[PDB]
């Protein structure tokens, strides 16, 4: 059970890496703790940066984006009882974002991995990653009750925030930067058409809310809630009540209601670990970093990490240039710290912080006024939201 690149985790980062390597003739094996069906149908991300769309297209997995996706040009910020449509397409000088949800991406990537005969082991939790400075690393997993081992030149830690790979970094080398925000998000899908054509952010003093969309007939909505909230405490009526209160404004169509499903609570957390590599182990995606999702940056950052990592592995195996592996972490971190900055700035501006200093609270409205109401503020939002360059 030997390969060139062992990939822990068959989420979007791991599948994209396997596919990119396969296209370049580099052998990989993916090892995934969950059932394949469970992985595919996780509902998380909705929105892709333009750089991500280009990357999916260029890797041959973007064919359904035009028909299934929805191109986005503006965010409608609701606050002070008014709509503030920020055209980030214009402000960024023509760059866009797309609704194209994570489960579609993962479906596309699993399809591409299967057609390339990429071996993926499911229901195969990795328990240990060994030999990071040995001549080859060892991935120790269990499957069907029995212990297995993958030996490989490099291990890609693509196993998300609660994976094993980040804790496989030697702790004398790793440094964590971690901030948990004092709220979560209650998220739902609703069989109800979007009330307006733009993704809409309710920056209310009851709390944050969002109306995003999946199709002309399905909306994806979020409500700021208590940290560790019990979804059972939110009847459908309570959910629509807070959504209306936080989003609706005079002169814009009222939010449309419909049957709710996929109700769940997620955390709001900024986390980054340095370095993103050590010896034969390279961390990518949520294993290396997470952000609060207001700015639609996590899957996009994972894809940026994998773009760098795949290219670096190709340079090492095909072109006799191992220096790009050596600078993987340095390059991914420069981008990731700016993404962290932007995701934090959105998070601290649009959510209500319980018991917050009143001056700091009133600056939230100043920040919203400035961001939506000035050329410079709109520019910064637009260039960041549609996706920073990748090195």
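Positions refer to the first chain, counted from 1.
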{"item": "Of 278-286 and 193-201, the stretch whose C-alpha atoms average the higher B-factor in the entry", "value": "193-201"}
{"item": "Mean temperature factor over C-alpha atoms, higher-scoring stretch between 17-25 and 374-382", "value": "17-25"}
{"item": "Residue, from 40, 341, 331, 351, that the PDB entry assigns the highest Cα B-factor", "value": "40"}
{"item": "Candidate residues 315, 250, 178, 229, the one whose C-alpha B factor the record puts highest", "value": "250"}
{"item": "Chain-relative CA temperature factor third for residue 150", "value": "highest"}
{"item": "Where the record places residue 245 (Cα B-factor, split into thirds across the chain)", "value": "lowest"}
{"item": "B-factor third for the C-alpha atom of residue 325 within its chain", "value": "middle"}
{"item": "Ranked against its chain, the third holding the CA B-factor of residue 389", "value": "highest"}
{"item": "Residue 5 CA temperature factor, ranked by third within the chain", "value": "middle"}
